[PDB]
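Just below is one structure, and these are the notes that go with it.
There are 2 protein chains.
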Amino acid sequence: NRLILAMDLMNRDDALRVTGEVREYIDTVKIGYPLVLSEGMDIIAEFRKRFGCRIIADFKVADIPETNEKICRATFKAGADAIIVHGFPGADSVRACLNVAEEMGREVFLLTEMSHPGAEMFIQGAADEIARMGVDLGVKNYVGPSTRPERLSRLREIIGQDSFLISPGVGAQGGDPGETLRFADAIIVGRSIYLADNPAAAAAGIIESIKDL
Amino acid sequence: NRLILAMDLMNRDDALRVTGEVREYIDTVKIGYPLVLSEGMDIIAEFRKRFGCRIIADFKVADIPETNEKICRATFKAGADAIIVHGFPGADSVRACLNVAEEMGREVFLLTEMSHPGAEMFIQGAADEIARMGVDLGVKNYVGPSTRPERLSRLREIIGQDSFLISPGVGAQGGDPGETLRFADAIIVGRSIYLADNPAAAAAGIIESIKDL
Ligand SMILES: *c1c(F)c(=O)[nH]c(=O)n1[C@@H]1O[C@H](COP(=O)(O)O)[C@@H](O)[C@H]1O
Ligand SMILES: *c1c(F)c(=O)[nH]c(=O)n1[C@@H]1O[C@H](COP(=O)(O)O)[C@@H](O)[C@H]1O
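So the sequence lines, in the order shown, correspond to chains A and A'. A prime marks a further copy of an entry chain. Each residue of the first sequence is one higher than the one before, starting from 13 at the first, in the deposited numbering. Each residue of the second sequence is one higher than the one before, starting from 13 at the first, in the deposited numbering.
Put into structure tokens, the structure is as follows:
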């Protein structure tokens, strides 16, 4: 695959239909707050049972250590395989997530630099240090921006070749599968697939581009 | 009051009992992901209907603009009066939240500097600029740390006297109601109340200290 579906539809019926339509082209579904806050955490269990795919909970966890632990424990209890957590709040907040993931046999992904224009204001300047903090904490899974492949390159340099790196911002945000997969292990794609007239054809089209690399 | 309850219990029965016990000492309940991810967004509507108090959704929103809008729209649809959003992701992410709050007749609180030790690593260095970004965006409600009253002072200086400023980190995290209320309009208190043998007595004790100021 190398393709992770960002399932940000907000209606259970549509989320299930689109995921079902594209599942032959992905092995991982990324579920975030647009779907969870609309349909409840039980949606994570349903997706697991219906589809079998890995579930990453994209909750961009960004609270104090005590609250981060509670968020992680609720999320894994609901059946998520991994959770995405922000590095910007610092090492104690990240460690809290890693401690729960250890307890529960799950994975943490560290979000380093974000893909949107606003990320340039504060996040970008800290992002190398956030990545290096990850390495120092023993984080093995990272998120970095498809929209800035030169920053992906730098992040890959920091985390090394033996870390797993996934990357949002492909399609709608302007990122390209090829420029991104030079550095990331897998791309995250939401709207380019789930808003397409034929999501299966969109996913298939992306997979064809990936195979050509 | 000047007291906001951080309701981070993870069981509907306990959350309702403790809130009911202390409601005569607060007019605002802050509900976050520990309770919502455990009991569902319907908990917000229940609290509103049972208690009448203002509800602030402490979701520390930290995504891209398009996703931030979806998160805000789901949260207000569930009945929250206000949402807490991170400033660190930048102005476009914040504006997205403000646009939804405008559409829906609700409020955004901008989180500037966080209260925990890790906030020193990256957030603190950006926090003055995040506050000034808030002012430039017309944000009128802010969150800053009880644990660092000198930073609260600086944040108050930036936002001015006509902005509303609320402050977590009182009690469990080491913050003091008095040192904090020199600068903040209201303090947020969670564990010092909700883990107390008698939460009503804990809240009452805090209110007594506040009245003495
Ligand atoms: C999260 C994040 F931290 C980013 O830096 N960028 C980003 O886009 N996200 C989330 O990833 C998905 C992108 O979907 P698409 O732009 O393909 O529709 C979304 O879930 C977004 O929240
Ligand atoms: C959020 C935040 F952004 C902070 O800087 N600090 C902080 O503590 N929070 C949240 O506020 C409440 C504090 O509760 P207490 O320490 O009194 O138990 C919690 O909801 C925490 O997530």
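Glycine included, each C-beta is placed from N, C-alpha and C at the ideal position.
{"Asked": "Contact list for residue 132 of chain A' against chain A, beta-carbon separation under 9 Å", "Found": "102"}
{"Asked": "CB contact flag (residue 221 of chain A', residue 185 of chain A', <9 Å)", "Found": "no"}
{"Asked": "Rounded Cβ spacing between residue 17 of chain A and residue 48 of chain A (contact assumed at less than 8 Å)", "Found": "No, residue 17 of chain A and residue 48 of chain A are not in contact; Cβ-Cβ is about 15 Å, not under 8 Å."}
{"Asked": "Residue 75 of chain A CB to nearest heavy atom of ligand 2 below 8 Å", "Found": "yes"}
{"Asked": "Closest residue to residue 175 of chain A' among A':22, A':113 and A':156 (Cα-Cα distance)", "Found": "A':156"}
{"Asked": "Residue 59 of chain A and residue 68 of chain A closer than 9 Å at C-beta", "Found": "no"}
{"Asked": "Residue 134 of chain A' (DSSP reduced to helix, strand or coil)", "Found": "coil"}
{"Asked": "Within chain A', partners of residue 15 of chain A - CB distance below 8 Å", "Found": "What residue 15 of chain A touches in chain A': nothing, since even the nearest Cβ is about 19 Å away."}
{"Asked": "Test: residue 151 of chain A CB closer than 9 Å to a CB of chain A'", "Found": "no"}
{"Asked": "Alpha helix (DSSP H) segment containing residue 26 of chain A', residue limits", "Found": "24-34"}
{"Asked": "Proximal residues of chain A', C-beta to C-beta of residue 72 of chain A below 8 Å", "Found": "74 and 75"}
{"Asked": "Residue 71 of chain A in three-state terms, based on DSSP", "Found": "strand"}
{"Asked": "Collapsed DSSP secondary structure at residue 94 of chain A' in the structure displayed", "Found": "strand"}
{"Asked": "Alpha helix (DSSP H) segment containing residue 116 of chain A, residue limits", "Found": "103-116"}
{"Asked": "Neighbour flag for residue 169 of chain A' against chain A, beta carbons, 9 Å", "Found": "no"}
{"Asked": "Rounded Cβ spacing between residue 89 of chain A' and residue 20 of chain A (contact assumed at less than 8 Å)", "Found": "Actually they do not touch by this definition, with Cβ atoms about 16 Å apart."}
{"Asked": "Residue 62 of chain A classed as buried or exposed, judged by whether at least 16 other C-beta atoms fall within 10 angstroms", "Found": "exposed"}
{"Asked": "Bridge-paired residues (DSSP) for residue 19 of chain A'", "Found": "A':43"}
{"Asked": "Whole-angstrom distance between residue 130 of chain A' and residue 144 of chain A, CA atom to CA atom", "Found": "15 Å"}
{"Asked": "Touching by the beta-carbon criterion (3+ pairs, under 8 Å), the segment 103-116 of chain A and the segment 70-87 of chain A'", "Found": "no"}
{"Asked": "Chain-ordered neighbours of residue 79 of chain A' on chain A, where CB pairs are closer than 8 Å", "Found": "20, 44, 45 and 46"}
{"Asked": "Three-way DSSP call (helix, strand, coil) for residue 66 of chain A in this model", "Found": "strand"}
{"Asked": "Three-state secondary structure (DSSP) of residue 187 of chain A", "Found": "strand"}
{"Asked": "Beta carbon proximity, residue 90 of chain A' to chain A, threshold 9 Å", "Found": "yes"}
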